[PDB]
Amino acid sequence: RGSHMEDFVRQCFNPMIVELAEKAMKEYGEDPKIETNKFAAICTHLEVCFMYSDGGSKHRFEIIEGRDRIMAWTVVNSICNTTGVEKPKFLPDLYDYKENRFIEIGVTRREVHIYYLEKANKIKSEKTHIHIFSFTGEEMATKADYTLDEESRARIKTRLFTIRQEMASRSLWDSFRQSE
């Protein structure tokens, strides 16, 4: 099928992220060789989730994203049945053992304003925290509480803009921006 996107994705993200993105995609009946924009996004969203969890303290976060659907919900339940938080309706990306809340991480090519309202209206889980980033460098978190310190968040932002430049250097960014 031979997509420039697909070769760029494989040279741009580390193999562990690429393998994991393929699982979720196939597990949801999507094709990384055909749905190449979504493939690029899932990797990106995956790497952000991973840097995010790296920002905290040793035992701070439980990583929900990157597991398979059944096991992701298994840990979700174990978390709810031991802390007592309400079981979310939709799969979150993380759990903060420090603040005792679930995190939903979104990565957008539009206004951080737009995505967040979209995610807040779908959630209505109240307790679940929302933290979104954009490819231009803005972030936006519930109650203005950004969980991590500035430097951990600054790096994520830097990485997201590197991915943008690399995508645009290959004339792929325009098509990627119109994907979301």
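One-based numbering along the sequence shown.
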**Message:** So, looking at the entry's B-factor column for Cα atoms, which has the higher mean, 112-120 or 127-135?
**Reply:** 112-120
**Prompt:** So which stretch wins on mean C-alpha B-factor, 147-155 or 25-33?
**Reply:** 25-33
**Asked** Thinking about Cα B factors across the chain, which third does residue 142 belong to?
**Response** highest
**For residue 105, the third of its chain into which the C-alpha B factor falls** = lowest
**Message:** Based on the deposited C-alpha B factors for this chain, I'd like to know if residue 85 is in the lowest, middle or highest third.
**Reply:** highest
**Fill in**
For residue 69, the third of its chain by CA B-factor is the middle
**Asked** Taking the entry's C-alpha B-factors for this chain, is residue 38 in the lowest, middle or highest third?
**Response** middle
